[PDB]
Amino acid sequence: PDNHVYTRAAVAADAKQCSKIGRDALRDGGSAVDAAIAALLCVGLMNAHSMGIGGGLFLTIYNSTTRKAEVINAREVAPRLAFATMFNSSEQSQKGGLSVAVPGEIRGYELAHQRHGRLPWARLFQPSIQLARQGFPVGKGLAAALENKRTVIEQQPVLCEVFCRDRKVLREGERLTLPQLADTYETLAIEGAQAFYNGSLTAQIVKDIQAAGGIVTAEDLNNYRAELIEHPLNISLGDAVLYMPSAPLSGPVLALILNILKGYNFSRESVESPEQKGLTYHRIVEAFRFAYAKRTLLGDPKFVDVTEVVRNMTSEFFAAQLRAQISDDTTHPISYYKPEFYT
């Protein structure tokens, strides 16, 4: 067993050191948002394969005083020079500068911090600047990712520079330092988010993306905005409300899965015998299949009209119509679930 219960506050990150950094921010009087940002800056180091200031994020935020939830959309956008037919192979869309969308991460941290921050901006970076310089043992997750991508890393000197030892990827437990990122984090701490989007880092960002074959420009960075969503998606389950992001994220899919399944009134009894458990898991998979059939009509709601799609996906009555089509005895062919590529 490996349980962790806290009387006052908690941070669950995917690396212990980053959870601790978030926790320390809370103990120092930070808001949940301050702690989240401090932890995220650390995850961008310890799990650098996963996320960081070159990417984008969404935050779902709940204020217990106002009893209101909000969402911050800071996902990457396609650059101004992008177009529908820009890629002709998977390799083109996956590797190199042309695969890069405009990073949203730091503008997301900034907007969240402006709205909900208590600690100084620079304080959020300090522990990560130290960590990046001192280094840390490569953890389980990063080690497995390094091994998985060993060929590409080892043949790219700029990645080898940080992720290898003796020309081979780092193994679990070996020390990783991130000295250039430490310096970038320090600049961000001192100069703010503007350093990234319209400041001292911007020209170099553009140079790096373009040198690798990309099309991101300074104007793209200058024009990037994180977006506050005051009315996130919600669904009612029993006496609770679940807040989650709508399109372009998958809240509508999650909502539909749960609304399909809620009509089965699952409980501990649902898993108490193999007969019950087997039927329960079959029903779960069928709910997944129905929900994913509807997902193909989703896209960025600024560009695609998803209004009716999302209304259905979040409708309890629609979900009941789908649950009625789940056969207890069998799954069905793909067409049964009515995936649609057009409305």
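Don't overthink the numbering: it's just position in the shown sequence, from 1.
Peer 1: Per the record, averaged over C-alpha atoms, which has the higher B-factor: 150-158 or 259-267?
Peer 2: According to the PDB entry, the answer is 150-158.
Peer 1: Comparing 83-91 with 182-190, where is the mean C-alpha B-factor higher?
Peer 2: Taking the mean C-alpha B-factor of 83-91 and of 182-190, the larger value falls to 83-91.
Peer 1: Highest Cα B-factor in the deposition, which of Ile61, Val285, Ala48, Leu297?
Peer 2: Going by the entry's C-alpha B-factors, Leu297 comes out highest.
Peer 1: When the CA B-factors of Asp208, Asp220, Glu76, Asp166 are compared as recorded in the entry, which is the largest?
Peer 2: Highest C-alpha B-factor among the listed options: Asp166.
Peer 1: Could you place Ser250 in the lowest, middle or highest third of its chain by Cα temperature factor, using the values in the record?
Peer 2: Its C-alpha B-factor belongs to the lowest third of this chain's values.
Peer 1: Based on the entry's values, in what third of the chain does the Cα temperature factor of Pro120 lie: lowest, middle or highest?
Peer 2: It falls in the middle third of the chain.
Peer 1: When the modelled residues of the chain are sorted by Cα temperature factor, does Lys140 land in the lowest, middle or highest third?
Peer 2: Highest third, going by the recorded CA B-factors of the chain.
Peer 1: Where does the C-alpha B-factor of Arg289 rank in its chain, lowest, middle or highest third?
Peer 2: Bottom third by C-alpha B-factor.
Peer 1: Taking the chain's C-alpha temperature factors as the reference, tell me which third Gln130 falls into: lowest, middle or highest.
Peer 2: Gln130: CA B-factor falls in the middle third of its chain.
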